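Chain A is the first sequence line, chain B the second, and so forth, proteins listed ahead of strands; every chain is numbered from 1. Whatever order the structure lists them in is the order used to number ligands and atoms, beginning at 1. Hydrogens, waters and symmetry mates play no part in the numbers below; they use all other heavy atoms, side chains included.
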Amino acid sequence: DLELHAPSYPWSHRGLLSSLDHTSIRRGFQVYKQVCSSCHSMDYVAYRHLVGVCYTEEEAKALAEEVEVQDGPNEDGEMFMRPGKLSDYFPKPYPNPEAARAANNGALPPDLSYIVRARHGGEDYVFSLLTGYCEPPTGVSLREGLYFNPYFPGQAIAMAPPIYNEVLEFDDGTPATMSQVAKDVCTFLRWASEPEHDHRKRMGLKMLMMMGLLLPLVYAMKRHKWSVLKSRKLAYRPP
Amino acid sequence: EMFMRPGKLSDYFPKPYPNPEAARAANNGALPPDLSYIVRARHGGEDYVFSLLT
Amino acid sequence: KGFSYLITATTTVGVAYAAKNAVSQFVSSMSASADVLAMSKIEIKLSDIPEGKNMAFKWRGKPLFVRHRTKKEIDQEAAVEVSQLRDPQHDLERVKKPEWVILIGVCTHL
Amino acid sequence: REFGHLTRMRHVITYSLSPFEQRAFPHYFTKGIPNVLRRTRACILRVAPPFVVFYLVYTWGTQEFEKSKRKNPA
Amino acid sequence: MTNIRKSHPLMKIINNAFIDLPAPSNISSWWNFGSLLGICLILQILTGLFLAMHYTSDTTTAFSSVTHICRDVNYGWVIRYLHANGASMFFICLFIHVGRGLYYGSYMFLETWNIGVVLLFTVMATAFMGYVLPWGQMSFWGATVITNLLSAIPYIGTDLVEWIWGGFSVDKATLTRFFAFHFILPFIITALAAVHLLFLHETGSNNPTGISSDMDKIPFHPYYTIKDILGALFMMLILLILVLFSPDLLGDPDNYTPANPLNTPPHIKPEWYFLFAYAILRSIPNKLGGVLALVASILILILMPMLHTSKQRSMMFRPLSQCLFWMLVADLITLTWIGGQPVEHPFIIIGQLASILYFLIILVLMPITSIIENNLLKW
Amino acid sequence: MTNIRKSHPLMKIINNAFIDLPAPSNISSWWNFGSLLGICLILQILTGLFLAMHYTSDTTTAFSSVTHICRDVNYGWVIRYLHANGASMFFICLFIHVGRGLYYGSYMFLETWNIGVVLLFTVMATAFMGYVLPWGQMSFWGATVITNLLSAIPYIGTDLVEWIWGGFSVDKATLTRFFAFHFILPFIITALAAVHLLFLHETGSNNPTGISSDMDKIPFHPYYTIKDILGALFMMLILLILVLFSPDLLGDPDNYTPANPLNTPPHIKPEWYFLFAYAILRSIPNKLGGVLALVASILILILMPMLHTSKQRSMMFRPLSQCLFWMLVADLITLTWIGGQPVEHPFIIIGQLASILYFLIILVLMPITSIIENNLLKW
Amino acid sequence: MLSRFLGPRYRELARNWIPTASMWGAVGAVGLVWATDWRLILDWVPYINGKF
Amino acid sequence: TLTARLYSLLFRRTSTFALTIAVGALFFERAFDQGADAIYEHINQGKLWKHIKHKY
Ligand code: HEM
Ligand code: HEM
Ligand code: HEM
Ligand code: HEM
Ligand code: FES
């Protein structure tokens with residue numbers, strides 16, 4: 001059965017030397033925190049990772065301090081809840097995978113730290129999925145707790161449409177239309193999959209300029225040494 | 001949820017305390033050691049353990 | 001000779017730049033990673049610590065003691081002789097800010 | 001196998017120039033481009049045809065595969 | 001009273017191998033890929049070792065340790081993706097190196113060609129075991145398929161597979177032993193490359209004409225040290241474009257998912273530099289015959305000297321043999337494409353004809369065509 | 001026709017190194033410990049690689065991984081304690097080997113002697129980093145003391161110690177990078193041993209008389225292959241007596257306790273084959289002077305050829321210098337014993353006198369006594 | 001290595017190679033300063049110190 | 001000419017050649033990083049964290 005593949009969107013980071021828009025990264029973290037995180041985990045991203053990316057240290061510390069985290073046994077050997085801290089990772093919405101599937105209709109919502117890198121199509125795919133919900137076409141019936149997403153493999157997703165217009169409020173006043181929310185969160189997810197994206201592209205620009213100097217000059221070096229061979233003349237003078 | 005089941009051959013010996021802190025709380029601040037290597041981890045070995053116990 | 005050796009010297013300058021960046025990255029990888037630099041590295045406390053109260057912490061794996069020894073105790077441990085101690089130490093020298101002594105909390109015997 | 005004991009050669013004269021006397025890119029474009037084109041013409045009818053057939057096989061295989069997942073009125 | 005470069009016992013052999021070695025004055029860019037390979041090897045050992053300073057081979061931490069390298073170790077993603085794409089550059093260079101050997105008759109240097117076959121097998125084993133180390137979905141299930149391929153061996157096959165596993169399936173024992181073998185194998189490869197060069201220097205290099213060139217030898221140092229250095233710079237350019245602009249171009253997204261033994265990926269394709277052999281193995285329905293064809297598709301390199309019937313060493317002056325050579329290259333590209341595709345209606349028949357052509361060129365068409373070329377030259 | 005043993009390029013090297021090598025007909029059992037060393041090396045690579053098939057270098061599992069090796073891996077206790085007591089045998093053989101070099105003037109072979117010093121340092125680094133890997137109490141706190149010794153270095157001590165740690169203390173990063181270095185280093189040791197034998201074969205072996213033996217050379221193969229086999233069997237006997245009858249004789253019980261950074265052991269000693277140096281460093285009150293002495297006690301081996309003042313090469317015909325040599329061996333034994341003891345009365349003054357005496361023997365007494373012997377023989 | 005190398009020709013050799021040796025020492029110093037970004041010294045170079 | 005003087009002073013001696021390379025490498029690292037960073041921050045003007053941090 002054929003599948004519907006995501007179109008290519010002109011992400012501001014699509015270009016070869018184009019960085020991410022870090023305001024979109026900040027709005028995307030807001031989307032994840034207020035929308036996805038009730039069911040999705042981001043095990044490999046911590047609050048300290050946000051500093052200098054989308055939030056200042058005081059801001060990210062207050063974001064960490066907004067949640068409560070379980071800390072190692074105390075003197076009595078009891079666990080306890082303490083405010084979050086910058087070195088804490090993003091909270092996990094479920095204690096174990098089984099409770100995660102129990103809170104759904106039996107489906108596991110994936111960890112989102114790598115979801116952009118772990119899917120063919122990446123941000124284009126995630127934007128298409130979040131924006132692509134429609135009523136199934138004639139001849140198609142889905143079980144209870146499944147929803148037709150023409151971009152999801154099988155076209156029957158257990159995730160209900162999570163984003164809609166005014167699903168959250170953005171702190172810069174950015175209108176929270178569904179496509180705006182999806183674009184912001186997909187930017188944030190590309191960052192979460194590749195936190196080295198901007199630095200990698202800056203290093204790529206530097207490598208291209210260094211190579212555009214070194215390759216011609218080392219080529220000139222080789223031809224300086226080799227001109228003795230490339231211009232020499234042979235004469236055969238048999239008796 | 002986590003449950004309780006009868007033990008198995010492949011199961012290791014039960015731990016009396018969930019963590020070191022509960023062990024120290026139950027024993028007046030002292031953590032009673034694991035005994036898998038107690039003879040090897042002492043100078044004098046089973047001679048030491050025998051003399052300590054007696 | 002100047003044209004040829006100018007080419008060689010500019011080549012060497014660019015190669016030195018590239019080599020320094022590569023070797024610096026490989027050296028820096030062995031330097032403390034961001035998780036190490038964000039864990040026990042530092043832990044700023046707060047005014048939550050009351051007077052003469054051991055608000056305890058878990059920094060560096062070591063339980064940290066933070067008290068607010070109120071006048072007398074400080075003075076008493078100045079009154080506590082140094083020579084009498086097995087480990088000769090001065091109370092004010094031990095606690096740079098007399099009011100609060102900060103000792104890593106762990107017995108130094110088995 | 002070292003210089004001085006490789007072979008017997010007689011009556012061959014080599015003329016060479018110091019690299020500091022000659023240019024490193026002489027006639028690089030006016031002569032290099034005709035030579036590139038000559039070499040391309042000399043090898044193209046032996047290199048290109050199998051890759052043309054691969055492009056055709058790839059196009060046909062991909063297209064036929066995508067036509068085999070299409071719906072049939074049956 | 002002596003030059004240290006020639007008198008000193010270590011400098012003597014360095015001098016004889018890389019400075020005063022007589023090299024043909026006319027070896028082309030296709031001869032650079034030896035030094036490139038030696039550079040690739042070195043790169044893989046360097047990055048790998050720095051990766052080994054942070055990787056942990058327990059199944060609860062391997063994926064996490066790699067994520068830690070790519071997110072927290074200073075310049076750890078540089079080293080990680082340098083290693084990952086340097087393996088692909090290693091195989092690109094290896095395939096070009098072997099293609100050069102086939103095209104110019106370099107296999108007529110029997111000992112170095114046989115060492116090269118050994119090196120090819122060992123590099124493949126190294127890369128295969130290393131790809132499991134991330135412990136992603138593709139790592140796990142590729143190890144599963146290619147290890148289960150060893151059960152097709154009669155009588156002792158299942159015991160051999162379970163012994164390599166260290167258990168009933170691919171699991172913790174397999175991962176830790178694969179880390180150990182992956183650490184040690186490139187050093188064995190280093191020794192084998194040294195023996196390789198020892199055997200090569202007994203005759204020196206072949207050249208594109210296929211004619212002995214002792215009357216036109218040049219010192220290695222000024223000419224081919226600078227030529228090899230420029231080749232290395234170009235290889236680095238391509239590798240860095242890969243690392244810094246498309247780090248994931250030659251990889252599969254599903255290896256960014258942790259391994260799940262209860263969930264098979266819908267596709268299980270090995271690395272691209274195995275796909276041709278994969279395609280060959282998927283062509284024939286029989287398990288054991290499929291494995292034998294997969295091994296023969298590399299062991300057949302040992303047959304090139306026995307299958308050489310041409311009067312000329314190289315294919316420089318053999319138009320029809322060049323035609324067949326480029327058909328073989330196109331067929332290998334076809335097999336790579338087919339092995340990357342599902343086993344479905346068009347691709348099955350395409351892969352089957354491609355595998356038959358692969359063997360029918362090397363074993364049949366190339367010797368007969370060389371004989372015809374001999375007759376066309378009246379010898 | 002040829003003998004392929006002499007004509008084949010690989011077999012020619014093997015033939016010249018161990019078959020047709022002219023060897024002195026009178027070299028004693030003390031000349032066996034070279035072949036023991038290379039055997040120990042191989043054993044350490046063999047068992048360690050098999051340990052590395054099960055060991056994991058994460059601090060949450062390293063001690064547990066070793067317990068699993070010794071308790072559940074088939075014959076894993078054999079491989080583990082063979083590896084530990086083979087490290088001890090390595091150092092026994094190294095000390096006897098260097099003592100033979102000192103006694104017979106073998107250091108007059110400058111290049112192979114200097115490569116041997118390099119080898120001694122590299123074996124020491126490998127053993128040190130390997131001992132941390134079980135992550136016991138002694139592992140952790142020995143790493144702690146020995147690495148924080150390097151803070152004594154002026155202006156860059158703290159920066160370099162923290163860089164070696166990869167953090168503020170000895171922790172997870174240190175253990176993983178120590179595993180990587182411990183894996184790689186023995187192969188560099190193998191390369192250095194090959195260079196070592198290359199430099200030795202330039203002149204051949206010295207003999208107990210110290211006189212050149214070229215008039216009485218015998219072929220290596222039948223005589224010293226069988227003699228080295230007998231020596232290897234005797235070494236295996238001692239090693240297996242250790243492994244099978246007192247596995248824990250040369251170790252420490254506190255490494256059967258998992259590392260506790262909160263609690264330090266009452267005694268923190270290196271392994272026995274470090275104690276002589278640990279005594280010397282502990283003799284000097286100054287941190288940096290102590291480290292410099294602990295380094296000079298092994299760098300002073302580089303000075304022996306310049307300290308040689310005798311007309312004769314070996315100690316066979318010099319009773320007074322034999323006396324000083326056995327005093328040196330006794331002083332090394334007393335330094336080992338002192339280093340195994342607490343820093344308290346009377347071991348402090350004993351360690352000081354022993355540390356002074358070691359250098360006073362090598363640097364002063366041995367040269368002056370050789371000069372006196374020279375004059376007693378009227379030259 | 002004590003007085004076989006102690007003579008007029010050897011002091012002339014020393015003086016002949018002292019400028020080359022001192023230049024090489026300056027080369028080593030500059031390379032060490034630049035490789036390590038030694039701010040102690042580098043904080044004095046007029047435009048380079050902009051990096052800090 | 002300029003290149004003749006360059007060779008006469010800074011290139012002829014190998015130790016002075018190496019000194020020229022070391023000083024040039026220092027100043028080249030400075031200038032090339034400065035220029036490439038300006039290029040990359042102009043290509044991505046307004047998007048980077050430095051560009052937007054001044055409000056938080
Ligand atoms: C570990 C990977 C390898 C390394 C490092 C390596 C290294 C080298 C080097 C440096 C050369 C000389 C330069 C050159 O002509 O390219 C060379 C030549 C050669 N290699 Fe390899 N090689 C490797 C793998 C192989 C393989 C897989 C084969 C094929 C069986 C092979 C067969 C040859 C042959 C036949 C030559 C001589 C070519 C000629 O002179 O015409 N090598 N190798
Ligand atoms: C012949 C040379 C080598 C080849 C071809 C090779 C190939 C590979 C490949 C393909 C991977 C998986 C890359 C990925 O994650 O996508 C890998 C991973 C790894 N290799 Fe290597 N490798 C080589 C040498 C080494 C050496 C010598 C070491 C150890 C010193 C090493 C250590 C590692 C480690 C720790 C990993 C796991 C982390 C990671 O995925 O990057 N490699 N290797
Ligand atoms: C990696 C460890 C080492 C190995 C495998 C090794 C191997 C060997 C072998 C096989 C021999 C020839 C047989 C013999 O005379 O014993 C030898 C000789 C020698 N080794 Fe070592 N060695 C090692 C470490 C050292 C050390 C630490 C030194 C001293 C600093 C050293 C200095 C010498 C000397 C001077 C000789 C020549 C002895 C003579 O002929 O009289 N080696 N070595
Ligand atoms: C130069 C040769 C070597 C020496 C001297 C050496 C020394 C040591 C020592 C002393 C230990 C601690 C043993 C103990 O637990 O008490 C150790 C542990 C270890 N070594 Fe090595 N080693 C060598 C080579 C190797 C190699 C080549 C490998 C890997 C291929 C290796 C892998 C290990 C492993 C995995 C451990 C931890 C398991 C254990 O503690 O027994 N070793 N090594
Ligand atoms: S020091 Fe606290 S127990 Fe003795």
Side-chain angles (χ1 to χ4, degrees), chain C residues 106-110, chain E residues 23-24 27 30-41 90 93-95 97-98 100-102 104-110 112-123 180 183-184 186 189-190 192-193 196-197 199-201 203-208 210 224 228 298 301-302 304 314, chain F residues 40-41 43-57 62-63 65-66 69-70 79-81 83-88 90-91 122-136 138-139 179 182-187 189-190 250-252 255 271:
Chain C
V106 56
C107 166
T108 43
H109 222 91
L110 278 304
Chain E
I27 50 165
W30 298 124
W31 262 258
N32 277 117
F33 285 85
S35 61
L36 296 179
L37 281 170
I39 284 163
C40 275
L41 184 49
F90 204 129
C93 288
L94 266 176
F95 295 156
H97 193 77
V98 177
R100 189 275 322 261
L102 311 173
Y104 299 97
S106 313
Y107 50 76
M108 298 270 87
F109 297 149
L110 294 187
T112 184
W113 183 260
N114 290 324
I115 290 295
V117 177
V118 177
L119 280 161
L120 183 55
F121 273 122
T122 320
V123 174
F183 204 124
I184 196 176
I189 293 162
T190 299
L192 285 158
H196 192 64
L197 281 178
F199 277 126
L200 181 66
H201 291 357
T203 73
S205 281
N206 190 20
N207 84 93
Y224 290 117
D228 282 17
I298 304 161
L301 292 171
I302 307 161
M304 311 295 178
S314 167
Chain F
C40 293
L41 184 57
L43 177 128
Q44 286 306 105
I45 298 168
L46 161 70
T47 48
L49 178 67
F50 277 74
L51 293 171
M53 282 165 218
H54 301 94
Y55 171 82
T56 61
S57 54
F63 188 94
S65 73
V66 181
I69 288 172
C70 296
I79 305 199
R80 192 268 178 97
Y81 297 105
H83 200 75
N85 290 289
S88 275
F90 211 141
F91 276 93
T122 318
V123 174
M124 290 195 268
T126 308
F128 162 80
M129 271 179 326
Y131 189 78
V132 188
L133 295 182
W135 211 242
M138 294 320 270
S139 283
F179 179 47
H182 186 68
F183 206 133
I184 196 173
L185 271 201
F187 303 102
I189 293 169
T190 303
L250 301 183
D252 199 300
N255 233 42
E271 294 312 72

Taking all non-hydrogen atoms of both residues into account, name the closest pair between [X] and [Y] and its distance.
X: E/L200; Y: E/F109; value: CD1-CD1, 4.0 Å
X: E/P208; Y: E/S314; value: O-OG, 3.0 Å
X: F/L49; Y: E/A180; value: CD1-O, 3.7 Å
X: E/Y224; Y: E/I27; value: OH-CG1, 3.1 Å
X: E/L36; Y: E/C93; value: CB-SG, 3.9 Å
X: F/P134; Y: F/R80; value: CB-NH2, 4.4 Å

Contact check, side chains of F/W135 and F/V66, non-hydrogen atoms, under 4.5 Å: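 No. Closest side-chain heavy atoms not under 4.5 Å.
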
Could you tell me whether the side chain of E/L301 reaches within less than 4.5 Å of the side chain of E/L102, counting heavy atoms only?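 They are in contact (side-chain heavy atoms under 4.5 Å apart), so the answer is yes.
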
For atom 21 (Fe) of ligand 1, every protein N/O/S atom that sits closer than 2.8 Å, waters excluded: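 The answer, once waters are left aside, is E/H97 NE2, E/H196 NE2.
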
[X], any N or O under 3.5 Å of ligand 1 N or O:
X: E/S106; value: yes
X: E/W30; value: no
X: E/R100; value: yes

How far does [atom1] of [X] sit from [atom2] of [Y], to the nearest 0.5 angstrom?
X: E/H201; Y: E/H196; atom1: NE2; atom2: NE2; result: 10.0 Å
X: E/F33; Y: E/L94; atom1: CZ; atom2: CG; result: 11.0 Å
X: F/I69; Y: F/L51; atom1: CD1; atom2: CG; result: 5.0 Å

Examine distances only and state if a side-chain atom of [X] and a backbone atom of [Y] form a donor-acceptor pair shorter than 3.5 Å.
X: F/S65; Y: F/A62; answer: yes
X: F/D252; Y: F/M138; answer: no
X: E/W31; Y: E/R100; answer: no
X: F/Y55; Y: F/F179; answer: no

Quick one: nearest non-hydrogen protein atom to [atom], plus distance?
atom: atom 15 (O) of ligand 4; result: F/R80 NH2, 3.3 Å
atom: atom 4 (Fe) of ligand 5; result: C/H109 CB, 3.0 Å
atom: atom 14 (C) of ligand 4; result: F/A84 CB, 4.0 Å
atom: atom 40 (O) of ligand 4; result: F/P134 CD, 3.6 Å

Check ligand 5 against C/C107 and write out every atom of the ligand that is under 4.0 Å from a heavy-atom position of the residue.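 Close to C/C107: 1 (S), 2 (Fe), 3 (S).
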
Element-labelled atoms of ligand 5 that are located less than 4.0 Å from some non-hydrogen atom of C/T108: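 Those of ligand 5 that fall under 4.0 Å from C/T108 are 1 (S).
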
Protein N, O or S within less than 2.8 Å of atom 21 (Fe) of ligand 4, waters excluded: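 Listed by chain and number, the atoms are F/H83 NE2, F/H182 NE2.
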
Tell me which part of E/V98 gets within contact of ligand 1: side chain, backbone, both or neither, using heavy atoms under 4.0 Å.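 Contact part for E/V98 vs ligand 1: side chain (C-beta onward).
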
Within the structure, is a non-hydrogen atom of E/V117 found at a distance of less than 4.0 Å from ligand 1?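 Contact present.
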
Is E/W31 near ligand 1, meaning one of its heavy atoms is under 4.0 Å from it?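 Judged by the 4.0 Å heavy-atom criterion, E/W31 does count as contacting ligand 1.
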
Taking atom CZ of F/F50 as the centre, does the number of heavy atoms from other residues, nucleotides or ligands within less than 6.0 Å exceed 12?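 For F/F50, atom CZ is not crowded (no more than 12 foreign heavy atoms under 6.0 Å).
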
Counting each atom of ligand 4 from 1 as listed, which ones have a heavy atom of F/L49 under 4.0 Å away?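 Ligand 4 atoms under the 4.0 Å threshold to F/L49: 29 (C), 30 (C).
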
For E/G38, take its heavy atoms, then give the atoms of ligand 1 lying under 4.0 Å from any of them.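 So the answer, numbered in order with elements, is 5 (C).
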
Could you list the atoms of ligand 1 found under 4.0 angstrom from a heavy atom of E/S205?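 By the 4.0 Å cutoff, the relevant atoms are 40 (O).
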
Test side chain to side chain contact (heavy atoms under 4.5 Å, CB included) applied to E/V118 and E/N114, E/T122, E/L120, the passing residue: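 That would be E/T122; it is the only one of E/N114, E/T122, E/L120 passing the side chain to side chain contact (heavy atoms under 4.5 Å, CB included) with E/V118.
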
Could you check whether any heavy atom of F/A52 sits closer than 4.0 Å to an atom of ligand 4, since that is the contact criterion I want to use?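 Per 4.0 Å heavy-atom rule, F/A52 contacts ligand 4.
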
